[PDB]
>>> print(open('target20.txt').read())   # compact mmCIF, C-alpha atoms and all ligand atoms
# COMPACT_ATOMS: atom_id res chain seq x y z
CA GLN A 1 79.71 85.30 117.79
CA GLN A 2 79.45 88.51 119.91
CA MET A 3 79.88 92.12 118.82
CA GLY A 4 83.44 93.17 119.39
CA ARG A 5 84.32 96.48 120.85
CA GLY A 6 86.08 99.30 119.03
CA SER A 7 89.66 100.36 118.90
CA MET A 8 91.72 103.49 118.55
CA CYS A 9 92.35 102.30 114.92
CA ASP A 10 88.68 103.14 114.17
CA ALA A 11 89.77 106.77 113.59
CA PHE A 12 91.31 105.54 110.32
CA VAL A 13 88.40 103.47 109.11
CA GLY A 14 86.48 104.72 106.20
CA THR A 15 86.69 105.88 102.60
CA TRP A 16 89.26 108.59 101.79
CA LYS A 17 90.16 110.54 98.65
CA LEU A 18 93.52 112.16 97.86
CA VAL A 19 93.23 115.95 97.78
CA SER A 20 96.86 117.16 97.81
CA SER A 21 100.35 115.94 97.30
CA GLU A 22 103.74 117.57 97.85
CA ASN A 23 107.13 116.29 96.75
CA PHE A 24 105.79 112.88 95.62
CA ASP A 25 107.81 112.79 92.40
CA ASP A 26 111.04 113.44 94.44
CA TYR A 27 110.04 110.67 96.91
CA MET A 28 109.45 108.25 94.07
CA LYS A 29 112.84 109.19 92.52
CA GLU A 30 114.55 108.46 95.88
CA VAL A 31 112.73 105.12 96.01
CA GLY A 32 114.02 104.27 92.53
CA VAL A 33 110.80 104.50 90.51
CA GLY A 34 111.37 104.86 86.77
CA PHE A 35 110.31 107.84 84.69
CA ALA A 36 107.15 106.45 82.99
CA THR A 37 105.87 104.87 86.20
CA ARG A 38 106.51 108.10 88.13
CA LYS A 39 104.59 110.19 85.63
CA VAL A 40 101.50 107.93 85.57
CA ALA A 41 101.65 107.21 89.34
CA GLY A 42 101.97 110.90 90.14
CA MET A 43 98.81 111.75 88.27
CA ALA A 44 96.65 109.30 90.25
CA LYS A 45 94.17 110.60 92.79
CA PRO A 46 93.34 107.41 94.65
CA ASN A 47 90.59 106.42 96.95
CA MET A 48 91.84 104.70 100.03
CA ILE A 49 89.51 102.35 101.94
CA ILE A 50 90.59 101.36 105.47
CA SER A 51 88.67 98.68 107.36
CA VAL A 52 89.14 96.60 110.42
CA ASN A 53 87.82 93.12 111.21
CA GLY A 54 89.08 91.74 114.50
CA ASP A 55 92.88 92.02 114.48
CA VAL A 56 93.02 92.35 110.67
CA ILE A 57 93.40 95.82 109.11
CA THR A 58 92.76 96.13 105.33
CA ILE A 59 94.03 99.15 103.32
CA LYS A 60 92.66 99.18 99.74
CA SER A 61 93.88 101.85 97.18
CA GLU A 62 91.65 102.25 94.12
CA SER A 63 93.10 104.35 91.33
CA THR A 64 93.55 104.84 87.72
CA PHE A 65 97.24 103.84 88.04
CA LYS A 66 96.98 100.69 90.04
CA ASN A 67 94.82 99.11 92.53
CA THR A 68 96.40 97.65 95.63
CA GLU A 69 95.18 95.90 98.74
CA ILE A 70 97.02 94.91 101.87
CA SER A 71 95.70 93.05 104.93
CA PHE A 72 97.76 92.69 108.03
CA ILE A 73 98.01 92.39 111.79
CA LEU A 74 99.90 95.05 113.61
CA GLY A 75 103.51 94.08 114.36
CA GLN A 76 103.42 91.05 112.04
CA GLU A 77 105.49 91.20 108.88
CA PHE A 78 103.98 90.41 105.49
CA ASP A 79 104.86 90.37 101.83
CA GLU A 80 103.65 93.30 99.74
CA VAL A 81 103.86 94.00 96.01
CA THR A 82 103.71 97.78 95.75
CA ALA A 83 101.86 99.82 93.08
CA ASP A 84 105.22 100.36 91.33
CA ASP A 85 105.93 96.57 91.44
CA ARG A 86 108.54 96.35 94.20
CA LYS A 87 108.40 93.13 96.16
CA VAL A 88 108.87 94.30 99.75
CA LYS A 89 108.71 92.96 103.27
CA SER A 90 106.42 95.19 105.30
CA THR A 91 105.65 95.68 108.96
CA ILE A 92 102.94 98.03 110.20
CA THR A 93 102.71 99.17 113.81
CA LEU A 94 101.25 102.01 115.80
CA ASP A 95 103.47 104.81 117.23
CA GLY A 96 100.99 106.53 119.43
CA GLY A 97 98.16 107.46 117.08
CA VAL A 98 100.31 106.95 113.96
CA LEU A 99 100.21 103.91 111.68
CA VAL A 100 103.86 103.35 110.75
CA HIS A 101 104.46 101.21 107.64
CA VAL A 102 108.05 100.11 106.94
CA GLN A 103 108.91 98.53 103.64
CA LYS A 104 112.19 96.65 103.09
CA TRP A 105 113.58 95.52 99.74
CA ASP A 106 117.00 95.20 98.10
CA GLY A 107 118.74 96.46 101.21
CA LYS A 108 116.64 99.68 101.11
CA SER A 109 113.89 100.89 103.45
CA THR A 110 111.08 103.44 103.25
CA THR A 111 108.53 104.46 105.87
CA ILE A 112 104.93 105.55 105.26
CA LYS A 113 103.15 107.17 108.18
CA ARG A 114 99.41 107.69 108.33
CA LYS A 115 97.93 110.05 110.95
CA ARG A 116 94.62 111.76 111.61
CA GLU A 117 94.84 115.56 111.65
CA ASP A 118 91.56 117.39 112.02
CA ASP A 119 89.14 115.76 109.53
CA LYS A 120 92.07 114.68 107.29
CA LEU A 121 94.19 111.60 106.97
CA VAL A 122 97.79 112.81 106.40
CA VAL A 123 100.29 110.46 104.80
CA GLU A 124 104.04 111.08 105.17
CA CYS A 125 106.32 109.06 102.89
CA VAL A 126 109.96 109.11 103.76
CA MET A 127 112.99 107.77 101.93
CA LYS A 128 116.23 108.89 103.37
CA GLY A 129 116.10 112.70 103.51
CA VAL A 130 113.18 112.99 101.12
CA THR A 131 109.69 113.37 102.50
CA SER A 132 106.40 113.60 100.62
CA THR A 133 103.14 114.63 102.26
CA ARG A 134 99.84 113.49 100.89
CA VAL A 135 96.53 114.62 102.30
CA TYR A 136 93.30 112.64 102.12
CA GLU A 137 89.80 113.83 102.91
CA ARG A 138 86.69 111.79 103.61
CA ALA A 139 85.16 110.67 100.37
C1 LIG A 201 103.53 105.01 93.75
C2 LIG A 201 104.61 104.18 94.50
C3 LIG A 201 105.82 104.90 95.11
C4 LIG A 201 103.96 103.40 95.63
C5 LIG A 201 103.12 104.30 96.56
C6 LIG A 201 101.76 104.54 96.32
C7 LIG A 201 101.02 105.33 97.20
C8 LIG A 201 101.65 105.90 98.31
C9 LIG A 201 100.91 106.72 99.36
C10 LIG A 201 101.06 105.83 100.59
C11 LIG A 201 99.41 106.87 99.09
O1 LIG A 201 98.64 105.86 99.18
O2 LIG A 201 99.01 107.97 98.72
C12 LIG A 201 102.99 105.67 98.57
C13 LIG A 201 103.70 104.86 97.69
>>> encode(input="target20.txt", output="structure tokens", more="lines below")
Ligand SMILES: CC(C)Cc1ccc([C@H](C)C(=O)O)cc1
Amino acid sequence: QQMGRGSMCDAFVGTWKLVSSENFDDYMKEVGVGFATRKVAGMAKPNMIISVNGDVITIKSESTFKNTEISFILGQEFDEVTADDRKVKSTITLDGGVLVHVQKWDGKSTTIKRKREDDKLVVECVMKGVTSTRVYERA
């Protein structure tokens, strides 16, 4: 085994904490999340842990609502059970410097984008015409 080199994806790696959220309840409504789940999920201030090991990216969300973990290879679709218990087919790619996560279920689709902006990790969640912006800071 030799030490691998880095990647552009290293800008995402680390431990992040949610510091702001806008329009998340409206995004969740558009997604189809029920009232009680929306209320509890909207209160959560997760930590998000992003790591890379070879071609495998792991995104771990630790919260008081749910914990989730996904591991994947860019461009390669996988099964995901979301925090609100949708069973989706997901593909994550890069669009420039943006991690683009598309989730498909029940004939619906939503896109989550993660991008570095200054010292922040900005998350855009889009369902149809509804966008929510969530901002993480280094933990
Ligand atoms: C709560 C439900 C809609 C699933 C869910 C949970 C977290 C997030 C964003 C990506 C984040 O990690 O802050 C989007 C969607």
>>> closest_residue(input="target20.txt", among="A:14, A:57, A:69, A:138", to="ligand LIG 201 (chain A)", atoms="only C-alpha atoms and all ligand atoms")
A:69
>>> closest_residue(input="target20.txt", among="A:99, A:92, A:121, A:81", to="residue 48 (chain A)", atoms="only C-alpha atoms")
A:121
>>> closest_residue(input="target20.txt", among="A:97, A:107, A:46, A:54", to="ligand LIG 201 (chain A)", atoms="all atoms listed in the file")
A:46
>>> closest_residue(input="target20.txt", among="A:95, A:106, A:55, A:80", to="ligand LIG 201 (chain A)", atoms="all atoms listed in the file")
A:80
>>> atom_distance(input="target20.txt", atom1="CA of residue 22 (chain A)", atom2="CA of residue 40 (chain A)")
15.8 Å
>>> axis_aligned_box(input="target20.txt", around="ligand LIG 201 (chain A)", padding_each_side="3 Å", output="JSON")
{"center_x": 102.2, "center_y": 105.7, "center_z": 97.2, "size_x": 13.2, "size_y": 10.6, "size_z": 12.8}
>>> closest_residue(input="target20.txt", among="A:74, A:83, A:130, A:11", to="ligand LIG 201 (chain A)", atoms="all atoms listed in the file")
A:83
>>> closest_residue(input="target20.txt", among="A:38, A:128, A:5, A:108", to="ligand LIG 201 (chain A)", atoms="all atoms listed in the file")
A:38
>>> atom_distance(input="target20.txt", atom1="CA of residue 90 (chain A)", atom2="CA of residue 77 (chain A)")
5.4 Å
>>> residues_around(input="target20.txt", residues="residue 137 (chain A)", least_positions_apart="4", cutoff="7 Å", atoms="all atoms listed in the file", output="list in words")
residues 16, 17, 18, 19, 119, 120 and 121 of chain A
>>> atom_distance(input="target20.txt", atom1="CA of residue 60 (chain A)", atom2="CA of residue 47 (chain A)")
8.0 Å
>>> residues_around(input="target20.txt", residues="residue 50 (chain A)", least_positions_apart="3", cutoff="6 Å", atoms="only C-alpha atoms", output="PyMOL selection string")
chain A and resi 13-14+58-59
>>> decode(input="target20.txt", residues="region 86-131 of chain A", atoms="N, CA and C atoms", output="PDB file, in the first residue's frame")
ATOM      1  N   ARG A  86     -37.806   7.954   3.153  1.00  0.00           N
ATOM      2  CA  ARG A  86     -38.060   7.633   1.744  1.00  0.00           C
ATOM      3  C   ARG A  86     -36.973   6.680   1.292  1.00  0.00           C
ATOM      4  N   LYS A  87     -37.386   5.755   0.441  1.00  0.00           N
ATOM      5  CA  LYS A  87     -36.457   4.798  -0.162  1.00  0.00           C
ATOM      6  C   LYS A  87     -36.189   5.289  -1.549  1.00  0.00           C
ATOM      7  N   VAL A  88     -34.995   5.860  -1.782  1.00  0.00           N
ATOM      8  CA  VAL A  88     -34.698   6.582  -3.020  1.00  0.00           C
ATOM      9  C   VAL A  88     -33.523   5.912  -3.716  1.00  0.00           C
ATOM     10  N   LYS A  89     -33.448   6.203  -5.007  1.00  0.00           N
ATOM     11  CA  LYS A  89     -32.284   5.862  -5.824  1.00  0.00           C
ATOM     12  C   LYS A  89     -31.505   7.147  -6.023  1.00  0.00           C
ATOM     13  N   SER A  90     -30.240   7.146  -5.635  1.00  0.00           N
ATOM     14  CA  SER A  90     -29.427   8.350  -5.615  1.00  0.00           C
ATOM     15  C   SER A  90     -28.211   8.196  -6.518  1.00  0.00           C
ATOM     16  N   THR A  91     -27.853   9.312  -7.134  1.00  0.00           N
ATOM     17  CA  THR A  91     -26.596   9.435  -7.859  1.00  0.00           C
ATOM     18  C   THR A  91     -25.960  10.748  -7.457  1.00  0.00           C
ATOM     19  N   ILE A  92     -24.674  10.704  -7.106  1.00  0.00           N
ATOM     20  CA  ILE A  92     -23.918  11.888  -6.754  1.00  0.00           C
ATOM     21  C   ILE A  92     -22.769  12.069  -7.715  1.00  0.00           C
ATOM     22  N   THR A  93     -22.659  13.260  -8.304  1.00  0.00           N
ATOM     23  CA  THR A  93     -21.606  13.621  -9.210  1.00  0.00           C
ATOM     24  C   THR A  93     -20.970  14.915  -8.760  1.00  0.00           C
ATOM     25  N   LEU A  94     -19.985  15.362  -9.525  1.00  0.00           N
ATOM     26  CA  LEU A  94     -19.470  16.722  -9.390  1.00  0.00           C
ATOM     27  C   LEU A  94     -19.863  17.526 -10.615  1.00  0.00           C
ATOM     28  N   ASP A  95     -20.345  18.765 -10.406  1.00  0.00           N
ATOM     29  CA  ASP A  95     -20.566  19.785 -11.447  1.00  0.00           C
ATOM     30  C   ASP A  95     -19.654  20.947 -11.123  1.00  0.00           C
ATOM     31  N   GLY A  96     -18.502  20.972 -11.790  1.00  0.00           N
ATOM     32  CA  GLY A  96     -17.410  21.795 -11.325  1.00  0.00           C
ATOM     33  C   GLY A  96     -16.945  21.424  -9.936  1.00  0.00           C
ATOM     34  N   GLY A  97     -17.000  22.400  -9.038  1.00  0.00           N
ATOM     35  CA  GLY A  97     -16.740  22.216  -7.611  1.00  0.00           C
ATOM     36  C   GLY A  97     -17.979  21.933  -6.785  1.00  0.00           C
ATOM     37  N   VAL A  98     -19.047  21.443  -7.419  1.00  0.00           N
ATOM     38  CA  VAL A  98     -20.302  21.239  -6.640  1.00  0.00           C
ATOM     39  C   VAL A  98     -20.634  19.746  -6.619  1.00  0.00           C
ATOM     40  N   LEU A  99     -20.858  19.219  -5.439  1.00  0.00           N
ATOM     41  CA  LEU A  99     -21.374  17.852  -5.296  1.00  0.00           C
ATOM     42  C   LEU A  99     -22.873  17.966  -5.573  1.00  0.00           C
ATOM     43  N   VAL A 100     -23.352  17.220  -6.558  1.00  0.00           N
ATOM     44  CA  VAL A 100     -24.756  17.240  -6.946  1.00  0.00           C
ATOM     45  C   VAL A 100     -25.353  15.879  -6.681  1.00  0.00           C
ATOM     46  N   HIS A 101     -26.316  15.845  -5.780  1.00  0.00           N
ATOM     47  CA  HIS A 101     -26.964  14.622  -5.270  1.00  0.00           C
ATOM     48  C   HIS A 101     -28.387  14.618  -5.741  1.00  0.00           C
ATOM     49  N   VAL A 102     -28.741  13.674  -6.635  1.00  0.00           N
ATOM     50  CA  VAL A 102     -30.107  13.522  -7.140  1.00  0.00           C
ATOM     51  C   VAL A 102     -30.715  12.309  -6.557  1.00  0.00           C
ATOM     52  N   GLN A 103     -31.903  12.488  -5.970  1.00  0.00           N
ATOM     53  CA  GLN A 103     -32.683  11.415  -5.385  1.00  0.00           C
ATOM     54  C   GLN A 103     -33.950  11.222  -6.160  1.00  0.00           C
ATOM     55  N   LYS A 104     -34.222   9.966  -6.537  1.00  0.00           N
ATOM     56  CA  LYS A 104     -35.423   9.568  -7.301  1.00  0.00           C
ATOM     57  C   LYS A 104     -36.255   8.576  -6.524  1.00  0.00           C
ATOM     58  N   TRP A 105     -37.566   8.840  -6.459  1.00  0.00           N
ATOM     59  CA  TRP A 105     -38.488   7.917  -5.769  1.00  0.00           C
ATOM     60  C   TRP A 105     -39.884   8.229  -6.220  1.00  0.00           C
ATOM     61  N   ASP A 106     -40.690   7.192  -6.434  1.00  0.00           N
ATOM     62  CA  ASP A 106     -42.143   7.415  -6.698  1.00  0.00           C
ATOM     63  C   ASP A 106     -42.404   8.359  -7.862  1.00  0.00           C
ATOM     64  N   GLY A 107     -41.558   8.305  -8.879  1.00  0.00           N
ATOM     65  CA  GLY A 107     -41.682   9.237  -9.980  1.00  0.00           C
ATOM     66  C   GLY A 107     -41.325  10.684  -9.730  1.00  0.00           C
ATOM     67  N   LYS A 108     -40.786  10.988  -8.545  1.00  0.00           N
ATOM     68  CA  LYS A 108     -40.380  12.335  -8.102  1.00  0.00           C
ATOM     69  C   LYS A 108     -38.855  12.423  -8.112  1.00  0.00           C
ATOM     70  N   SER A 109     -38.340  13.641  -8.050  1.00  0.00           N
ATOM     71  CA  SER A 109     -36.897  13.847  -7.992  1.00  0.00           C
ATOM     72  C   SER A 109     -36.621  15.093  -7.176  1.00  0.00           C
ATOM     73  N   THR A 110     -35.537  15.074  -6.410  1.00  0.00           N
ATOM     74  CA  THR A 110     -35.042  16.247  -5.698  1.00  0.00           C
ATOM     75  C   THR A 110     -33.524  16.250  -5.828  1.00  0.00           C
ATOM     76  N   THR A 111     -32.951  17.454  -5.792  1.00  0.00           N
ATOM     77  CA  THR A 111     -31.520  17.628  -5.958  1.00  0.00           C
ATOM     78  C   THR A 111     -30.985  18.417  -4.747  1.00  0.00           C
ATOM     79  N   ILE A 112     -29.919  17.887  -4.170  1.00  0.00           N
ATOM     80  CA  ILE A 112     -29.178  18.497  -3.081  1.00  0.00           C
ATOM     81  C   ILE A 112     -27.807  18.821  -3.614  1.00  0.00           C
ATOM     82  N   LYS A 113     -27.424  20.082  -3.565  1.00  0.00           N
ATOM     83  CA  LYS A 113     -26.115  20.544  -3.956  1.00  0.00           C
ATOM     84  C   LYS A 113     -25.316  20.981  -2.784  1.00  0.00           C
ATOM     85  N   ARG A 114     -24.038  20.608  -2.729  1.00  0.00           N
ATOM     86  CA  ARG A 114     -23.151  20.976  -1.655  1.00  0.00           C
ATOM     87  C   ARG A 114     -21.968  21.705  -2.328  1.00  0.00           C
ATOM     88  N   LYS A 115     -21.627  22.886  -1.809  1.00  0.00           N
ATOM     89  CA  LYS A 115     -20.581  23.713  -2.379  1.00  0.00           C
ATOM     90  C   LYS A 115     -19.822  24.459  -1.278  1.00  0.00           C
ATOM     91  N   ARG A 116     -18.515  24.589  -1.454  1.00  0.00           N
ATOM     92  CA  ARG A 116     -17.731  25.409  -0.554  1.00  0.00           C
ATOM     93  C   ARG A 116     -17.884  26.883  -0.958  1.00  0.00           C
ATOM     94  N   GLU A 117     -18.122  27.725   0.033  1.00  0.00           N
ATOM     95  CA  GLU A 117     -18.205  29.168  -0.149  1.00  0.00           C
ATOM     96  C   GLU A 117     -17.512  29.772   1.016  1.00  0.00           C
ATOM     97  N   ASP A 118     -16.393  30.443   0.809  1.00  0.00           N
ATOM     98  CA  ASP A 118     -15.569  30.935   1.899  1.00  0.00           C
ATOM     99  C   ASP A 118     -15.252  29.767   2.805  1.00  0.00           C
ATOM    100  N   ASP A 119     -15.361  29.903   4.134  1.00  0.00           N
ATOM    101  CA  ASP A 119     -15.088  28.835   5.067  1.00  0.00           C
ATOM    102  C   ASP A 119     -16.304  27.950   5.367  1.00  0.00           C
ATOM    103  N   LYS A 120     -17.386  28.157   4.589  1.00  0.00           N
ATOM    104  CA  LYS A 120     -18.672  27.475   4.792  1.00  0.00           C
ATOM    105  C   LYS A 120     -18.855  26.360   3.805  1.00  0.00           C
ATOM    106  N   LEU A 121     -19.732  25.444   4.178  1.00  0.00           N
ATOM    107  CA  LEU A 121     -20.257  24.442   3.245  1.00  0.00           C
ATOM    108  C   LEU A 121     -21.758  24.810   3.126  1.00  0.00           C
ATOM    109  N   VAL A 122     -22.160  25.191   1.913  1.00  0.00           N
ATOM    110  CA  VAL A 122     -23.521  25.639   1.612  1.00  0.00           C
ATOM    111  C   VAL A 122     -24.230  24.495   0.928  1.00  0.00           C
ATOM    112  N   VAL A 123     -25.432  24.212   1.417  1.00  0.00           N
ATOM    113  CA  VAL A 123     -26.266  23.125   0.921  1.00  0.00           C
ATOM    114  C   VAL A 123     -27.533  23.747   0.341  1.00  0.00           C
ATOM    115  N   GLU A 124     -27.797  23.465  -0.918  1.00  0.00           N
ATOM    116  CA  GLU A 124     -29.015  23.902  -1.613  1.00  0.00           C
ATOM    117  C   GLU A 124     -29.849  22.626  -1.828  1.00  0.00           C
ATOM    118  N   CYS A 125     -31.093  22.666  -1.390  1.00  0.00           N
ATOM    119  CA  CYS A 125     -32.033  21.582  -1.590  1.00  0.00           C
ATOM    120  C   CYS A 125     -33.156  22.110  -2.439  1.00  0.00           C
ATOM    121  N   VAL A 126     -33.404  21.423  -3.535  1.00  0.00           N
ATOM    122  CA  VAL A 126     -34.334  21.888  -4.525  1.00  0.00           C
ATOM    123  C   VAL A 126     -35.373  20.804  -4.843  1.00  0.00           C
ATOM    124  N   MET A 127     -36.634  21.197  -4.764  1.00  0.00           N
ATOM    125  CA  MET A 127     -37.721  20.341  -5.218  1.00  0.00           C
ATOM    126  C   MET A 127     -38.658  21.259  -5.968  1.00  0.00           C
ATOM    127  N   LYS A 128     -38.691  21.014  -7.264  1.00  0.00           N
ATOM    128  CA  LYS A 128     -39.452  21.785  -8.180  1.00  0.00           C
ATOM    129  C   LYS A 128     -39.008  23.248  -8.022  1.00  0.00           C
ATOM    130  N   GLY A 129     -39.935  24.130  -7.725  1.00  0.00           N
ATOM    131  CA  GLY A 129     -39.593  25.553  -7.631  1.00  0.00           C
ATOM    132  C   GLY A 129     -39.224  25.973  -6.248  1.00  0.00           C
ATOM    133  N   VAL A 130     -39.148  25.026  -5.310  1.00  0.00           N
ATOM    134  CA  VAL A 130     -38.817  25.344  -3.923  1.00  0.00           C
ATOM    135  C   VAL A 130     -37.389  25.016  -3.619  1.00  0.00           C
ATOM    136  N   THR A 131     -36.651  25.995  -3.122  1.00  0.00           N
ATOM    137  CA  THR A 131     -35.269  25.855  -2.744  1.00  0.00           C
ATOM    138  C   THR A 131     -35.121  26.157  -1.242  1.00  0.00           C
TER     139      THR A 131
END
